[PDB]
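Next comes my_file26.cif, with mmCIF, C-alpha atoms; chains and numbers go by the auth columns.
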data_protein
loop_
_atom_site.group_PDB
_atom_site.id
_atom_site.type_symbol
_atom_site.label_atom_id
_atom_site.label_comp_id
_atom_site.label_asym_id
_atom_site.label_seq_id
_atom_site.Cartn_x
_atom_site.Cartn_y
_atom_site.Cartn_z
_atom_site.B_iso_or_equiv
_atom_site.auth_seq_id
_atom_site.auth_asym_id
ATOM 1 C CA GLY A 1 156.005 69.662 119.615 0.00 93 T
ATOM 2 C CA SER A 2 159.358 69.341 117.808 0.00 94 T
ATOM 3 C CA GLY A 3 160.231 73.051 117.935 0.00 95 T
ATOM 4 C CA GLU A 4 163.966 72.936 118.697 0.00 96 T
ATOM 5 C CA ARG A 5 164.125 69.171 118.025 0.00 97 T
ATOM 6 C CA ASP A 6 162.843 69.558 114.438 0.00 98 T
ATOM 7 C CA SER A 7 163.766 68.389 110.903 0.00 99 T
ATOM 8 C CA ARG A 8 165.065 71.979 110.450 0.00 100 T
ATOM 9 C CA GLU A 9 168.194 70.784 112.310 0.00 101 T
ATOM 10 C CA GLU A 10 168.706 67.832 109.934 0.00 102 T
ATOM 11 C CA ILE A 11 168.082 70.100 106.924 0.00 103 T
ATOM 12 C CA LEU A 12 170.702 72.475 108.324 0.00 104 T
ATOM 13 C CA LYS A 13 173.218 69.608 108.772 0.00 105 T
ATOM 14 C CA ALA A 14 172.572 68.570 105.139 0.00 106 T
ATOM 15 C CA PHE A 15 172.920 72.233 104.067 0.00 107 T
ATOM 16 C CA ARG A 16 176.330 72.430 105.782 0.00 108 T
ATOM 17 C CA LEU A 17 177.509 69.037 104.417 0.00 109 T
ATOM 18 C CA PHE A 18 176.457 70.194 100.931 0.00 110 T
ATOM 19 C CA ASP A 19 178.012 73.694 101.281 0.00 111 T
ATOM 20 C CA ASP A 20 181.629 72.405 101.047 0.00 112 T
ATOM 21 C CA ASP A 21 182.823 75.767 99.656 0.00 113 T
ATOM 22 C CA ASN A 22 181.134 77.489 102.674 0.00 114 T
ATOM 23 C CA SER A 23 179.351 80.200 100.635 0.00 115 T
ATOM 24 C CA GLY A 24 176.428 80.078 103.110 0.00 116 T
ATOM 25 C CA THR A 25 174.582 78.804 99.988 0.00 117 T
ATOM 26 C CA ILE A 26 174.866 75.511 98.016 0.00 118 T
ATOM 27 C CA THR A 27 176.478 76.280 94.625 0.00 119 T
ATOM 28 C CA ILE A 28 176.675 74.252 91.397 0.00 120 T
ATOM 29 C CA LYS A 29 180.292 73.634 92.499 0.00 121 T
ATOM 30 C CA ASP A 30 179.054 72.316 95.872 0.00 122 T
ATOM 31 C CA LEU A 31 176.517 70.033 94.177 0.00 123 T
ATOM 32 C CA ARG A 32 179.205 68.715 91.799 0.00 124 T
ATOM 33 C CA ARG A 33 181.566 68.141 94.767 0.00 125 T
ATOM 34 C CA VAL A 34 178.854 66.239 96.705 0.00 126 T
ATOM 35 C CA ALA A 35 177.818 64.252 93.623 0.00 127 T
ATOM 36 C CA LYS A 36 181.415 63.336 92.658 0.00 128 T
ATOM 37 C CA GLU A 37 182.184 62.305 96.274 0.00 129 T
ATOM 38 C CA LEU A 38 179.108 60.017 96.245 0.00 130 T
ATOM 39 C CA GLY A 39 180.253 58.798 92.768 0.00 131 T
ATOM 40 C CA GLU A 40 177.486 60.632 90.860 0.00 132 T
ATOM 41 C CA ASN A 41 179.458 62.233 88.006 0.00 133 T
ATOM 42 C CA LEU A 42 176.606 64.676 87.254 0.00 134 T
ATOM 43 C CA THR A 43 176.706 67.048 84.260 0.00 135 T
ATOM 44 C CA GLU A 44 176.404 70.851 84.231 0.00 136 T
ATOM 45 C CA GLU A 45 172.870 70.433 82.870 0.00 137 T
ATOM 46 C CA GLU A 46 171.696 67.901 85.493 0.00 138 T
ATOM 47 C CA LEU A 47 173.091 70.162 88.212 0.00 139 T
ATOM 48 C CA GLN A 48 171.488 73.271 86.650 0.00 140 T
ATOM 49 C CA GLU A 49 168.121 71.491 86.583 0.00 141 T
ATOM 50 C CA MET A 50 168.516 70.737 90.327 0.00 142 T
ATOM 51 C CA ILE A 51 169.681 74.339 90.912 0.00 143 T
ATOM 52 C CA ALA A 52 166.749 75.770 88.941 0.00 144 T
ATOM 53 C CA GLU A 53 164.253 73.479 90.739 0.00 145 T
ATOM 54 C CA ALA A 54 165.302 74.953 94.132 0.00 146 T
ATOM 55 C CA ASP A 55 166.484 78.468 93.146 0.00 147 T
ATOM 56 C CA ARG A 56 163.955 81.341 93.451 0.00 148 T
ATOM 57 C CA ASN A 57 166.690 84.003 94.082 0.00 149 T
ATOM 58 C CA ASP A 58 168.287 84.003 90.568 0.00 150 T
ATOM 59 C CA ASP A 59 171.834 83.958 92.072 0.00 151 T
ATOM 60 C CA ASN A 60 172.674 80.285 91.151 0.00 152 T
ATOM 61 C CA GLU A 61 173.221 79.272 94.822 0.00 153 T
ATOM 62 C CA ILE A 62 170.622 77.461 96.960 0.00 154 T
ATOM 63 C CA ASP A 63 170.121 79.530 100.122 0.00 155 T
ATOM 64 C CA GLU A 64 168.886 78.089 103.431 0.00 156 T
ATOM 65 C CA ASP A 65 165.217 79.037 102.793 0.00 157 T
ATOM 66 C CA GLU A 66 165.221 77.529 99.280 0.00 158 T
ATOM 67 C CA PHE A 67 166.926 74.396 100.594 0.00 159 T
ATOM 68 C CA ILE A 68 164.383 74.073 103.450 0.00 160 T
ATOM 69 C CA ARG A 69 161.625 74.565 100.837 0.00 161 T
ATOM 70 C CA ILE A 70 162.813 71.826 98.437 0.00 162 T
ATOM 71 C CA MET A 71 163.753 69.494 101.333 0.00 163 T
ATOM 72 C CA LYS A 72 160.118 69.722 102.500 0.00 164 T
ATOM 73 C CA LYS A 73 158.764 69.606 98.891 0.00 165 T
ATOM 74 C CA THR A 74 160.587 66.340 98.154 0.00 166 T
ATOM 75 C CA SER A 75 160.037 64.751 101.622 0.00 167 T
ATOM 76 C CA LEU A 76 163.822 64.847 102.166 0.00 168 T
ATOM 77 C CA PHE A 77 163.045 66.409 105.568 0.00 169 T
ATOM 78 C CA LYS B 1 158.125 63.890 84.463 0.00 239 R
ATOM 79 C CA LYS B 2 161.196 66.181 84.598 0.00 240 R
ATOM 80 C CA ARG B 3 160.065 67.625 87.971 0.00 241 R
ATOM 81 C CA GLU B 4 160.060 64.107 89.476 0.00 242 R
ATOM 82 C CA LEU B 5 163.309 63.089 87.736 0.00 243 R
ATOM 83 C CA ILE B 6 165.047 66.244 89.075 0.00 244 R
ATOM 84 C CA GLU B 7 163.599 65.930 92.615 0.00 245 R
ATOM 85 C CA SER B 8 164.873 62.314 92.505 0.00 246 R
ATOM 86 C CA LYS B 9 168.440 63.736 92.326 0.00 247 R
ATOM 87 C CA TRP B 10 168.050 65.753 95.577 0.00 248 R
ATOM 88 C CA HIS B 11 166.473 62.550 96.931 0.00 249 R
ATOM 89 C CA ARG B 12 169.436 60.479 95.696 0.00 250 R
ATOM 90 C CA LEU B 13 172.222 62.763 97.031 0.00 251 R
ATOM 91 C CA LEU B 14 171.108 62.452 100.667 0.00 252 R
ATOM 92 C CA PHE B 15 169.359 59.047 100.348 0.00 253 R
ATOM 93 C CA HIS B 16 172.613 57.600 98.869 0.00 254 R
ATOM 94 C CA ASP B 17 172.137 54.499 101.053 0.00 255 R
ATOM 95 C CA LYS B 18 175.453 52.872 100.038 0.00 256 R
ATOM 96 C CA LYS B 19 174.060 52.512 96.503 0.00 257 R
#
Please express the file's structure as structure tokens.
Amino acid sequence: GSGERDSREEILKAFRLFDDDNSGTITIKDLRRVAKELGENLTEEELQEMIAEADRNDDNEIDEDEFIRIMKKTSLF
Amino acid sequence: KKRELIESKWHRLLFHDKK
């Protein structure tokens, strides 16, 4: 009985931390920013693969639902 | 397995445990 006290919260924290540009969605720019900050100098292509893996909206930004989905998918949360 | 290799990046961003 997690309910309130659920992985959803942690996902949402990660979503916010990722969404540096505060689009309410995680963009390629956000992913690059995150990656660079961690040290991961990821390419356009690498990022677009990640994008495409999560994106089912065809807008190029990972929305909360998509993020939740892939976070579950990958056992990230 | 591209799927795995790509998922590994999402994994790595958050699981960036120092390394």
Considering only C-alpha atoms, state which residue in the set T:122, T:142, T:148, T:96 is at the smallest distance from residue 249 (chain R). T:142
For the file shown, report as an MDAnalysis selection string the outcome of the PyMOL selection byres ((chain T and resi 100) around 12) at residue level. chainID T and resid 94:99 101:107 156:157 159:161 163:164 168:169
Expressed in Å, the length from CA of residue 153 (chain T) to CA of residue 253 (chain R) is 21.3 Å
Using all atoms listed in the file, find the residues of chain R whose closest atom to chain T is at most 8 Å away, then write them as a PyMOL selection string. chain R and resi 241+244-245+247-249+251-252+254
Mind pulling up the distance from CA of residue 133 (chain T) to CA of residue 257 (chain R)? 14.0 Å
Take CA of residue 125 (chain T) and CA of residue 112 (chain T) and report the distance between them in Å, one decimal. 7.6 Å
Take every atom of region 140-155 of chain T listed in the file, fit an axis-aligned box around them, add 8 Å per side, and give the centre and edge lengths in Å to one decimal as AutoDock Vina command-line options.
--center_x 168.6 --center_y 77.4 --center_z 93.4 --size_x 25.3 --size_y 29.3 --size_z 29.5
Which residues are close to residue 115 (chain T), i.e. within 10 Å by all atoms listed in the file, leaving aside same-chain residues fewer than 4 positions away? Reply as a PDB file with C-alpha atoms, keeping the file's coordinate frame.
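The result, written out as selection32.pdb:
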ATOM      1  CA  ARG T 108     176.330  72.430 105.782  1.00  0.00           C
ATOM      2  CA  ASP T 111     178.012  73.694 101.281  1.00  0.00           C
ATOM      3  CA  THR T 119     176.478  76.280  94.625  1.00  0.00           C
ATOM      4  CA  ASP T 122     179.054  72.316  95.872  1.00  0.00           C
ATOM      5  CA  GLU T 153     173.221  79.272  94.822  1.00  0.00           C
ATOM      6  CA  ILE T 154     170.622  77.461  96.960  1.00  0.00           C
ATOM      7  CA  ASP T 155     170.121  79.530 100.122  1.00  0.00           C
TER       8      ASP T 155
END
